[PDB]
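> One structure, pasted below without further comment.
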Amino acid sequence: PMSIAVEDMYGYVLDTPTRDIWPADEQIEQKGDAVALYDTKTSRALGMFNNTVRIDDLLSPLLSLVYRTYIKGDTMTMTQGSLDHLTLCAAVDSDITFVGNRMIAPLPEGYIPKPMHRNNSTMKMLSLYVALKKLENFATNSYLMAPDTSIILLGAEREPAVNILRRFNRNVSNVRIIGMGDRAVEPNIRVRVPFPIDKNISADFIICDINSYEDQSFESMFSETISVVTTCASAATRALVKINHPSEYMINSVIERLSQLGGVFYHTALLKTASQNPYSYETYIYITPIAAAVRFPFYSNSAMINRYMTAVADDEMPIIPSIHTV
Amino acid sequence: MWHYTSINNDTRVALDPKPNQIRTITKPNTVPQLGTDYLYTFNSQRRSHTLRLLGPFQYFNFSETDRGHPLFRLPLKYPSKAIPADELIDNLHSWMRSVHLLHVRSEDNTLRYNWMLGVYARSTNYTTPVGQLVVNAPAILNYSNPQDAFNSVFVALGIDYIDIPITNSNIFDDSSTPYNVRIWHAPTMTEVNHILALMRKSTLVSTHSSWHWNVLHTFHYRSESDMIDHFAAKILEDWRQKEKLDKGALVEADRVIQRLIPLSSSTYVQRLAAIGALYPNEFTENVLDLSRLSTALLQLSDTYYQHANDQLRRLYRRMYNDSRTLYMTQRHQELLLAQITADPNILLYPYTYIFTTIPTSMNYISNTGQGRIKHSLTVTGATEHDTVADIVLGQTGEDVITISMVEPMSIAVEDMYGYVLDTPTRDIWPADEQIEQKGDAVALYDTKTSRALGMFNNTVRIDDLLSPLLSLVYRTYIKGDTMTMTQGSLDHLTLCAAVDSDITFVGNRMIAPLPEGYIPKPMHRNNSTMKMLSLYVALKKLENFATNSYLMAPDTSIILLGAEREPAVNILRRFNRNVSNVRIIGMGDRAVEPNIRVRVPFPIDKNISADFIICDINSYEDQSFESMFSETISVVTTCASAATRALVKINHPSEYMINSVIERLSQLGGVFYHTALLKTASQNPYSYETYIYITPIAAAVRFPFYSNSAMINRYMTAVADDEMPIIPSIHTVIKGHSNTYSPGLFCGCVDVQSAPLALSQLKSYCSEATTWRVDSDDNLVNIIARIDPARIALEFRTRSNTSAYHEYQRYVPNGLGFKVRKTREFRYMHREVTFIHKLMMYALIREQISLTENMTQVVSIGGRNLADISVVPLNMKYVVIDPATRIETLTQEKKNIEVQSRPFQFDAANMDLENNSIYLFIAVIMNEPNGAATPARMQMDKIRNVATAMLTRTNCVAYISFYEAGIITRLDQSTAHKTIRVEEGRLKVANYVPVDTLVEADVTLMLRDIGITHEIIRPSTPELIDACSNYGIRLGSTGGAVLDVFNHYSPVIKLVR
Amino acid sequence: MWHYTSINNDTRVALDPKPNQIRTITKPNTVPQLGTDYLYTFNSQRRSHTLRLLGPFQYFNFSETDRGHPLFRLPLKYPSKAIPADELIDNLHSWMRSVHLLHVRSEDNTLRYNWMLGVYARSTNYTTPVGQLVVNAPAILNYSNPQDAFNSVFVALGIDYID
Amino acid sequence: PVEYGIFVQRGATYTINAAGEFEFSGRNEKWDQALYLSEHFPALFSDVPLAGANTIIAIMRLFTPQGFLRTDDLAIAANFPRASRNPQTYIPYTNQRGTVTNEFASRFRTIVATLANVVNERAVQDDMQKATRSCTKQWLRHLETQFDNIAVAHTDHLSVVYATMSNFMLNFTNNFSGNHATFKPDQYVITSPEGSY
Amino acid sequence: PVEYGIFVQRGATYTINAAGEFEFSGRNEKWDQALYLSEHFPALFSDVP
Amino acid sequence: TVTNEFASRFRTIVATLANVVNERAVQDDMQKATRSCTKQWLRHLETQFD
Ligand SMILES: Nc1nc2c(ncn2[C@@H]2O[C@H](COP(=O)(O)OP(=O)(O)OP(=O)(O)O)[C@@H](O)[C@H]2O)c(=O)[nH]1
Ligand SMILES: Nc1nc2c(ncn2[C@@H]2O[C@H](COP(=O)(O)OP(=O)(O)OP(=O)(O)O)[C@@H](O)[C@H]2O)c(=O)[nH]1
């Protein structure tokens, strides 16, 4: 299990685009490498590590301690909107009022609220929320929605993250925090990709975390994720959409579709948060229109892309950690 | 990521201590700790005490002497609170120290103590032959090879088996154990095969695919239900294990398959085992209720077979009949082959069948935890319907779901104190205009206003809208939760509104805690109270605007007027309690002391005076218009002479009335007063009554008079209605693709199996339908579904009827939600003001589009997600031109839509506008296709280009909405800003970048130099009431205030040819 | 603003639970809460304890056995302060869990349990002819049409009325 | 009376549904032995805890059997007729040789301790003279001694007589599983398609 | 009782039209042998489901 | 019913009178024997009534 400081799990890195053009002859090779990587799937070893080193279990000892200090009354002082505050909201399933600007309200006697139930993708969602507040400003100390501003998390089973975000912004007036996606429970609306044509989502922030359909033709996953990116981009001034298969072809074609959607290129960046599962090759993309005309809109030989692209299907069944006795 | 990878290890053999640790396994020196030695929880709302031991002690047969220990009588010392930790600890410690397992200590490193057999011998006081064996030879518990740990005992005893009881993992649950394990002699595979064959002869017996200690053991159940509970818990563990095996994760589980095999079982166990190998469930991270698991898995089974393809059905039946066989995927068997090649001696369940191909069945959603599902029904799906039968919805109890008329507000505290104000525009008031305006006024008064507008005005009362908010402020106060706020702050005034008591401050910020045993009653606010406080705030704000503390200056007086103003005056007084010398008089008819009772006209002798006035007097209900006129004029004159800063209500804000008020003030004070048409957020949202803020100023006012004002327009446009207002129906039958439904809801319930059909038919009328089941026991799914006209406008363009019915089937039975608690829904839901306004535009345009002749098509430009579709009549073809929209060609073909996923080209030459078409640029020109705000000059260029393109065309019509500049100067004055506010001179509609506004005079100027005929138009009151009554929407508190100004200053440009 | 506009609905028929909810109408698992399950107030300066049940329980004929429950002797434990919330809650909870209305559960979506008649049969320990009717045929409380909910009982009993 | 009112408001009987849960009748009524072959059970023996009825539940816990469920192994080896697919018998008490103290007798001591504080609570409720109270207590102590005397005869001798008789040829039915809450006999019938079973 | 209420709601007696279809009274009323010679039949024996 | 409600009512009445007579007897320092005898008489009334 991890042994990090509280703020340390909210961090993110981002690979900015490098190349100024995307020649069709390059598109052929990149598309071929993409379809080839998709049809054969990624490395079995990388998948084994990706599934064994889950982030939720990695952060469990940390979050539980934040919970255990709270119910025993040990915690009582932190800034509102601070990462310790959001982590407390992540840890405990209860409303957390403040008495004064810094003191936390002591629990009523005989009352110990249950730990918040975080599913695996939750910490990543909070991490991307923080990431979106940060990309908005970067000088920020208080990660808290501006009053009368809305965020809309997407993806299956996003309920805990939305409840955490809501309790975190409880003191902020007029903050919509909608969820969507398949298998959604109320408050989160249940929907499926492609979104119904009538549906009209809109927000000042978007965080798509939708998974790709597990079994489909590559052209199908392509059209699906392109429709996703288009939806999220039209929906909000500052989207953050997951890419499950970050091939150079996929990400660049996303930039192309955005270019023909908005005329001028969007200011994209390849984000990767610290609350993602460490081995994940899935990578977020931060899309946002800007007044300036982007130079070097496209990606090439990017690190975020490379983690996926270099996971070619493996030649040997992955080694299993033996326990020797003799 | 194909081949399964896992580590196989016997957690049970790992658990068994080496003999040297047995003496100190009781933790004799150190006290037991939570999360290590044990874990305990009390369950509130169910009053249960669950204590689970950890480490070797998780597996323990208590002696009757052990249950005679106090630690087990501890739950008896309660209900109800959780057992105190010090007592649970002292007791558990003393108990653990009490146990002393028999053993021999030994130097050899290879040995493990056989904890199971030693504990079992202890629990029976060594009376059983295994017990007396343990006594005369304690060393027989030590073992190096795990199987010989039991073989040595079986051979010493001559027994073929041993039946070990299993205690409940909770040790406070002293009740009959569901089953018991039976270790068998085995050890060759052949002996196992023999015992498995012989267990077919016995009654309620089961096994795992493989066995701990490599020693065959079977379960023997007291009843079939116990077998069902166990089989279910295991099917769940194997589904959850298979979920992460298929995901390629390394897995440390003891056996590749965690499902039970029914060696001899009831029919239900057979069906459970059948459905457990099919792995129907979709992956889920949600918490499940284990207590009803069996039932869920039974219901799932009942559905799975109920709607599977005939080959899958036969496959299920094959498993059901060959229940003794262990069905498994190929990768499972590859794992078994691996573990056999690793340890050849291992015993695996012999009778297995490998699936040559995994079944292709739909994955089932199965969240059995709390919370209703809010489905977003898609318009079309793979399934095609043909003459589906009507799905009647059963009546539901009020226990399950109440249906209040009007959704209560959910605003922030400050948000209800906001106000907007329309300043006067015209510099003169010609008598010829006075004639027309007076005639329209007397005509509007004699016939009264719209019956629908009056119905909404009376149903969506503000007091009930704000009640949940104010009560919460009260409830936090009496429970002592609140304690810090600024004096004079809106939270302070709201607290004074909420609670009927004096509220002293200890220091500048802390509130004095209530004396013990004393809980003050909630303040009794009548309907007009919040409006009065809102106008008080408004008057403090108009005085200064930079103010943070709304509190009277010392030695300053305010005098509220109107009937029954007592609560507001008491609130204002308690609010200003710390301010020295503040008069806060009330007046009006039906006044109780302190408020003086008086009637209009005021007695001629009477001489009221103050630095502030708030008249809220109602007009006499039945009088000649000249009578109400003279009355309200006398009111305005009185209030104006009485105070330097009046705020007087106008019940009938006709242009004639308000302008004549300005005239009377002009001849009263010589120079014109600085009037403004205020409207607070605490007014009832539909009210056409509007306040006027009067105040003398040193400057000579330019444009004293009003004309075409928004505040006036809300009243003036409420002409007497042509049709009795629609009443929100609650439909029960769900006809298949039948157009006829009056606006309302689809509350009701239906069997879970019929739920996919109901959702698939609901989509014809409802954009979204929420569903849930009260419990795992109930077969019914309750469903609510607002009828959205837009969806009807989409779904009836063609006779085709299709739905995601196959997807909805995946929900049954555990995918539709669960909620034991009562839910309330409303005939009138809240929506954002902007959405309501867009609906007003769509109605304003739809009313006209139905009128115009020979129009082959409607073309929306930049109308994302077919947003404009409500406007287009079902027969006319509908083209969309927005890059953001994405549609399958088969869908547009299905609904007669024609989407062009390209940006609209605003250049005048290449803009190929067709003849006989209706173009729609509603709320699109302000923004670039990527969403960034355009400069206003660019918007002018857009309108110029579409006009020039319209110059050549015949019978073409275009609607081009745009925000007007005037609203900016309005919103700079106003304090309301929940959804609309100025941002560096641009208005920021919520969830959108702020956009530069256009000047209407410059627009009509360029439009008239281009020479194309045009009309500027805005949605009116009838359109508001139409959109609200049709969509089931109620205007919000802040929304009612902002809507008049926001709507009037967002004109549609109706170009025509 | 002339013609009256109203929705007419039988709040009493709406109140009556479907048969499947009757087993859990007692809120057996979760504890009762103010403003939902019940509402209570003490009146200072008059020394009175007013407790009103909510939901279906607002309409309830208590059995003499029901008044033998501690919850009704609670006001007797005072004057004068308000009854402590924990005690009012524990008592009301135990009491509600004590009631068990006779009913038949059923698959049909159209049915409502006839809460009035079932409660009344309980309050009289099923001694009255309506009571023994409810006992031998609990299913007679289920009804789809609200009028037949009483007609079926009047005809089974031969009675012209029930007080 | 109060614990009784709670108990009986839960109902005098219960059934066990397919889920294995006990659904109580919710209705006061006398038992008849007819019901013995029915799906119904006397509720006192449910061993299901009930809030506010604890003393009744405890005094009920006094009735739980102190024996064990033997398999009729010798009768099986002999192929003696046995209607059960897995023949069994409830021997009332286990042999207890090595102990200083007889567990059966100690159980009777706890039962008598419980009844002692029960009778005591009643006697102080009814203002009984101390002499009569002391005499009932003396009687109970005497029962404990007498029981400790005969205990070895039961647990260590009579138990084997039971274990043999369970294997006799004509002792063919399963009589009791040792769990009062749930046990019902299997009910076979001879069944003509013509006449009644 | 419930089947009874339904049955007697259909009617305690019926007659037979010229078409031969049964026509139930819809009324609960005690039978008398005065009726045996009438058009009426007791409805219990109609054998109409 | 297993139990006659009228008889049970008489049991509550006799319970009330029992604690009444008891409070009086302890107020007047009655010998335990006489107290026990009045109580026995009341229990007898309950049986007769049942
Ligand atoms: N009394 C007693 N029972 C034991 C002991 N060890 C294992 N058992 C029982 O043996 C049974 C068979 O093992 P499983 O049911 O497959 O294992 P489990 O304990 O449920 O753990 P999982 O299957 O991994 O969830 C379990 O029901 C245990 O309760 C022991 O040391 N003492
Ligand atoms: N015991 C009992 N009485 C009931 C039940 N339902 C309705 N009543 C009584 O029937 C009577 C007739 O109904 P109303 O008096 O008109 O209705 P209400 O309960 O007073 O409600 P409102 O008239 O809307 O104020 C009321 O006095 C109720 O107390 C019930 O389920 N049980």
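For the structure tokens, the naming scheme is as follows: chains receive sequential letters (A, B, ...) according to their order of presentation, residues are indexed from 1 within each chain, and ligands are indexed from 1 in presentation order.
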Let me have all residues with an atom within 8 Å of ligand 2, counting only C-alpha atoms and all ligand atoms, laid out as a list in words.
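I would give the residues around ligand 2 as residues 11, 12, 56, 58, 59, 60, 61, 115, 116, 117, 119 and 120 of chain C.
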> Residues at most 9 Å from stretch 121-130 of chain D, counting only C-alpha atoms, excluding those fewer than 2 positions away in the same chain, as a list in words?
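Close residues of stretch 121-130 of chain D: residues 116, 117, 118, 119, 132, 133, 134 and 135 of chain D; 18, 22, 32, 33, 35, 36, 37, 39 and 40 of chain F.
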> What lies within 7 Å of stretch 104-106 of chain C using only C-alpha atoms, ignoring chain neighbours under 3 positions off, as number ranges by chain?
C: 19-20, 138-139
> Please check which protein, DNA or RNA residues sit within 8 Å of ligand 1, counting only C-alpha atoms and all ligand atoms, and write them as an NGL selection string.
:B and (11-12 or 56 or 58-61 or 115-117 or 119-120 or 164-169 or 180-181 or 208 or 211-212 or 217 or 219 or 234 or 237 or 253-254 or 258)
> One decimal, in Å: what's the spacing between atom CA of residue D:13 and atom CA of residue D:181?
10.9 Å
> So which residues touch residue D:38 within 12 Å, counting only C-alpha atoms, skipping near sequence neighbours fewer than 2 positions away, as a compact mmCIF listing (two decimals) with C-alpha atoms, in the first residue's frame?

```txt
# COMPACT_ATOMS: atom_id res chain seq x y z
CA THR D 13 -46.76 -19.30 15.82
CA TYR D 14 -44.45 -19.05 12.85
CA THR D 15 -43.72 -20.66 9.54
CA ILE D 16 -40.38 -20.95 7.80
CA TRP D 31 -51.75 -24.45 19.77
CA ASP D 32 -53.31 -27.82 18.94
CA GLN D 33 -51.39 -30.97 18.11
CA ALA D 34 -53.04 -30.93 14.70
CA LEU D 35 -50.60 -28.15 13.87
CA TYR D 36 -47.74 -30.49 14.73
CA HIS D 40 -46.64 -24.10 11.81
CA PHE D 41 -44.41 -23.95 14.89
CA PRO D 42 -45.01 -22.87 18.47
CA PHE D 183 -37.52 -29.55 12.95
CA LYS D 184 -40.57 -31.21 11.47
CA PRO D 185 -40.88 -34.94 10.73
CA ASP D 186 -40.77 -36.10 7.11
CA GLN D 187 -44.33 -37.12 6.28
```
> Per DSSP on the backbone, filter chain C down to the residues in strand (DSSP E) and report them as a list in words.
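Strand (DSSP E) assignments inside chain C correspond to residues 38, 39, 40, 41, 42, 43, 48, 49, 50, 51, 52, 53, 112, 113, 142 and 143 of chain C.
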> For the selection just defined, write its residues with N, CA and C atoms to a file, as a PDB file, in the first residue's frame.

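Below you can see result24.pdb, which holds the result:
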```
ATOM      1  N   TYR C  38     -43.196  10.621  12.357  1.00  0.00           N
ATOM      2  CA  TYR C  38     -44.033  11.236  13.384  1.00  0.00           C
ATOM      3  C   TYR C  38     -43.633  12.675  13.616  1.00  0.00           C
ATOM      4  N   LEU C  39     -44.449  13.395  14.371  1.00  0.00           N
ATOM      5  CA  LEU C  39     -44.048  14.709  14.848  1.00  0.00           C
ATOM      6  C   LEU C  39     -44.559  14.938  16.265  1.00  0.00           C
ATOM      7  N   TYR C  40     -43.703  15.500  17.110  1.00  0.00           N
ATOM      8  CA  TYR C  40     -44.038  15.706  18.511  1.00  0.00           C
ATOM      9  C   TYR C  40     -43.752  17.130  18.944  1.00  0.00           C
ATOM     10  N   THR C  41     -44.595  17.663  19.823  1.00  0.00           N
ATOM     11  CA  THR C  41     -44.303  18.944  20.456  1.00  0.00           C
ATOM     12  C   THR C  41     -44.771  18.998  21.903  1.00  0.00           C
ATOM     13  N   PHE C  42     -43.939  19.590  22.755  1.00  0.00           N
ATOM     14  CA  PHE C  42     -44.377  19.980  24.086  1.00  0.00           C
ATOM     15  C   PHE C  42     -44.803  21.434  24.045  1.00  0.00           C
ATOM     16  N   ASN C  43     -45.898  21.747  24.727  1.00  0.00           N
ATOM     17  CA  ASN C  43     -46.356  23.124  24.813  1.00  0.00           C
ATOM     18  C   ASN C  43     -46.061  23.716  26.181  1.00  0.00           C
ATOM     19  N   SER C  48     -48.516  20.418  27.959  1.00  0.00           N
ATOM     20  CA  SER C  48     -49.114  19.323  27.190  1.00  0.00           C
ATOM     21  C   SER C  48     -48.138  18.637  26.228  1.00  0.00           C
ATOM     22  N   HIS C  49     -48.289  17.322  26.074  1.00  0.00           N
ATOM     23  CA  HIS C  49     -47.485  16.542  25.135  1.00  0.00           C
ATOM     24  C   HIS C  49     -48.300  16.077  23.929  1.00  0.00           C
ATOM     25  N   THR C  50     -48.097  16.695  22.767  1.00  0.00           N
ATOM     26  CA  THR C  50     -48.833  16.263  21.573  1.00  0.00           C
ATOM     27  C   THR C  50     -47.973  15.486  20.570  1.00  0.00           C
ATOM     28  N   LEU C  51     -48.301  14.206  20.402  1.00  0.00           N
ATOM     29  CA  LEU C  51     -47.615  13.329  19.458  1.00  0.00           C
ATOM     30  C   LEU C  51     -48.540  12.871  18.336  1.00  0.00           C
ATOM     31  N   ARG C  52     -48.194  13.220  17.100  1.00  0.00           N
ATOM     32  CA  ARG C  52     -48.984  12.806  15.943  1.00  0.00           C
ATOM     33  C   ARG C  52     -48.200  11.886  15.019  1.00  0.00           C
ATOM     34  N   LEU C  53     -48.773  10.724  14.726  1.00  0.00           N
ATOM     35  CA  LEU C  53     -48.194   9.811  13.748  1.00  0.00           C
ATOM     36  C   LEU C  53     -48.458  10.273  12.316  1.00  0.00           C
ATOM     37  N   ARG C 112     -54.679  -2.250  -3.512  1.00  0.00           N
ATOM     38  CA  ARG C 112     -54.298  -1.498  -2.330  1.00  0.00           C
ATOM     39  C   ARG C 112     -54.831  -2.287  -1.160  1.00  0.00           C
ATOM     40  N   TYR C 113     -54.060  -2.344  -0.086  1.00  0.00           N
ATOM     41  CA  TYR C 113     -54.552  -2.876   1.168  1.00  0.00           C
ATOM     42  C   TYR C 113     -55.553  -1.905   1.774  1.00  0.00           C
ATOM     43  N   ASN C 142     -57.380  -6.495   0.243  1.00  0.00           N
ATOM     44  CA  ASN C 142     -56.874  -6.091  -1.067  1.00  0.00           C
ATOM     45  C   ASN C 142     -58.012  -5.653  -1.982  1.00  0.00           C
ATOM     46  N   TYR C 143     -57.831  -4.537  -2.683  1.00  0.00           N
ATOM     47  CA  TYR C 143     -58.860  -4.050  -3.592  1.00  0.00           C
ATOM     48  C   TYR C 143     -58.260  -3.212  -4.694  1.00  0.00           C
TER      49      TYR C 143
END
```
> Hey, what's within 8 Å of stretch 10-16 of chain F if we count only C-alpha atoms and toss same-chain stuff fewer than 5 positions away? As a ChimeraX atom specification, please?
/F:42,46,49
> What's around stretch 5-9 of chain E at 7 Å? Count only C-alpha atoms, leave out sequence neighbours fewer than 5 positions away in its own chain, and write the answer as a CSV table (one decimal) with C-alpha atoms, in the first residue's frame.

```csv
chain,number,residue,atom,x,y,z
C,152,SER,CA,-67.2,-6.9,-0.6
C,155,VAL,CA,-72.0,-8.4,1.3
C,156,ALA,CA,-69.9,-11.0,2.9
E,26,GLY,CA,-77.2,-8.3,-10.3
E,27,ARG,CA,-79.1,-8.4,-7.0
E,28,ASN,CA,-78.6,-10.4,-3.8
```
> When you draw a straight line from atom CA of residue B:677 to atom CA of residue B:718, how long is it in Å?
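Going from atom CA of residue B:677 over to atom CA of residue B:718 covers 18.1 Å.
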> Tell me which protein, DNA and RNA residues are within 7 Å of residue D:155, counting only C-alpha atoms, leaving out same-chain ones fewer than 6 positions away, and put them as a PyMOL selection string.
chain D and resi 93-96
> Show me, as a list in words, every residue of chain C with an atom at most 12 Å from chain E, counting only C-alpha atoms.
residues 130, 132, 133, 134, 135, 136, 137, 138, 139, 140, 141, 142, 143, 148, 149, 150, 151, 152, 153, 154, 155, 156, 157 and 158 of chain C
> Taking only C-alpha atoms into account, which residues of chain D are within 6 Å of chain B, as a PyMOL selection string?
chain D and resi 19-20+85-86+96
> Going by DSSP on the backbone, which residues of stretch 16-118 of chain D come out as helix (DSSP H, G or I)? List them as a VMD selection string.
chain D and resid 33 to 37 43 to 45 54 to 61 73 to 77 103 to 118
> For a test of reading the model, state the distance in Å between atom CA of residue B:41 and atom CA of residue A:123, rounded to one decimal.
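A separation of 26.1 Å between them.
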> Kindly provide, as a ChimeraX atom specification, the residues of chain B having any atom no farther than 6 Å from an atom of chain C, counting only C-alpha atoms.
/B:45-46,394-395,397-398,451,750
> For chain C, which residues have at least one atom within 12 Å of chain F, if we go by only C-alpha atoms? Write them as a PyMOL selection string, please.
chain C and resi 63-65+67-68+123-127+132
